[PDB]
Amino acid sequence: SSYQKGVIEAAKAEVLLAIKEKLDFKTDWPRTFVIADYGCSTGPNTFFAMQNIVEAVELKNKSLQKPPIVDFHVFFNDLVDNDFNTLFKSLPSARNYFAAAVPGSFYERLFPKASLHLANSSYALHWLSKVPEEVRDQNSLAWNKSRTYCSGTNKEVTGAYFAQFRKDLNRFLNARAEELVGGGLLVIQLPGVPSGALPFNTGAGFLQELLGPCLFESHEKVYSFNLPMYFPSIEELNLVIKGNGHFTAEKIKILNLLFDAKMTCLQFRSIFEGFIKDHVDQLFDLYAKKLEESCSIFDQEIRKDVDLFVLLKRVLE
């Protein structure tokens, strides 16, 4: 989780800035300030992220004439099979918030109406709720037979994947809109695609590009294999956010070492082994050799500017 750690550390200045500039409940500040992390995993990364947020809100608190905030309540959300035991045992002893964990998909409601002041999600929202049905349909123009993911090179495949990403993100936004009070902030970080690029020439995309042929090395089951993820462009996020209506997009930007074949192969395996198993020795031996001969490509042909930062603000009334 060290790369994801870096995203949070890179985003800290932005989070601090976002809260300093955009968090303002006017005459209606809470005594209990409530924060939720959507897709928290098992730590430590969620603890650093929540710590940075609490620190920023504390500064905000001190900045007001009559500091309104008495305490903090932080909620850690992940899927029901997340290892919450480990998360709980890892909670920082010295912290300034009451803590709770919440099981469930973040594509549903997870919290009471107008109970949240700030919502966060770091490196989670690229995970779709499912594979789009259309890319599985042998008779669709969107049949994604040649690849494990949306490369972005195929217009109809891209249509189906984006349709799913839009549906899922819009579901998330609707849910968070109900849970956040008016003026509440929603901070989102996820891997994406910078202007002038496509998924396939980002690191995550090209990794999938190397895997697809490895599987080809049952053909039928390879043709029907797809992953439930999407890496959006800034234009795509703006379309979804604008169509949604409940938030203003206060900021959307991309935040800023040699490729390690061995380490990457181990990390890639840990993330995707399950998906492959459900749909490994022989395969990841072939993948490790393929990453090996792709070092200079990762070093000098792949876009590394992929960490999207999104600050949204819950519209009033």
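Throughout, we count residues from 1 along the sequence that is shown.
**Q** Note how many residues of the deposited chain are left out of the model between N256 and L257; the options are none, 1 to 3, 4 to 9, and 10 or more.
**A** Some 4 to 9 residues are missing between them.
**Q** Using none, 1 to 3, 4 to 9 or 10 or more, say how many deposited residues go missing between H279 and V280.
**A** 4 to 9 residues are missing.
**Q** So 306-314 or 4-12, which one's hotter by mean CA B-factor in the entry?
**A** If you average the C-alpha B-factors of 306-314 and of 4-12, the larger mean comes out for 4-12.
**Q** Tell me which stretch has the larger mean Cα B-factor in this entry, 112-120 or 146-154.
**A** Mean B over CA atoms: larger for 146-154.
**Q** Per the PDB entry, which option out of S140, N244, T86, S129 has the greatest Cα B factor?
**A** Answer, based on the entry's C-alpha B-factors: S140.
**Q** Could you check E236, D168, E178, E220 and tell me which one carries the biggest Cα B-factor in the deposited entry?
**A** Reading the PDB entry, the winner on C-alpha B-factor is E220.
**Q** Name the third of the chain's ranked CA B-factors that contains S93, choosing lowest, middle or highest.
**A** Tercile = highest for this residue's CA B-factor.
**Q** Select lowest, middle or highest to describe the third in which the CA B-factor of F268 falls within its chain in this entry.
**A** For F268, whose C-alpha B-factor we compare with every modelled residue in the chain, the answer is the highest third.
**Q** By the recorded C-alpha temperature factor, relative to the other modelled residues in its chain, which third is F75 in?
**A** It falls in the bottom third of the chain.
**Q** Looking at the C-alpha B-factor of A101, is it in the lowest, middle or highest third of its chain?
**A** Its C-alpha B-factor, which the entry lists for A101, ranks in the lowest third among residues of this chain.
**Q** By the recorded C-alpha temperature factor, relative to the other modelled residues in its chain, which third is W29 in?
**A** CA B-factor rank for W29: lowest third.
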